[PDB]
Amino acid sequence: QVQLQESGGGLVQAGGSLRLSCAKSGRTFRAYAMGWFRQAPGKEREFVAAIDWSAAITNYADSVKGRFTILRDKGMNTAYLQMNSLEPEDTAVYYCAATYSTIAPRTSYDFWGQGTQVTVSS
């Protein structure tokens, strides 16, 4: 069956960098987007970034534009989130997800990582 495995979560100082990676394994039957979501303690799961299968289309949340980049190679099973100028409000469990699509959606993702903790200390 389809699995996502993410890593690269840690503690970093405000204004620091961190890089998350995700890999998909198992059989998929057509093109799939890969995205990053986050969930801070108590609050609701929010979209961070997504990239299409062709790796030509990206969607970002307004709060991460000019700070976070999502990376992927055309048709390939790994996605990366390069998180720069990190701020304490970026603290959360970051989840990898994938979904059947020719674009970079913001919602309705079918496949989910186990999540990785990012902590930014002021």
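Start at 1 and count along the sequence shown; that's the residue number.
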Averaging C-alpha B-factors over each stretch, which comes out higher, 96 to 104 or 10 to 18?
10 to 18
With respect to the recorded C-alpha B factors, which stretch has the higher mean value, 21 to 29 or 106 to 114?
106 to 114
Taking the Cα B-factors listed in the entry, which of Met34, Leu81, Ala40, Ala55 comes out highest?
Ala40
Place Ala49 in the lowest, middle or highest third of its chain's C-alpha B-factors, as listed in the PDB entry.
lowest
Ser63's Cα B-factor: lowest, middle or highest third of the chain?
highest
Determine, from the deposited record, the chain-internal third of the Cα B-factor for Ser85: lowest, middle or highest.
highest
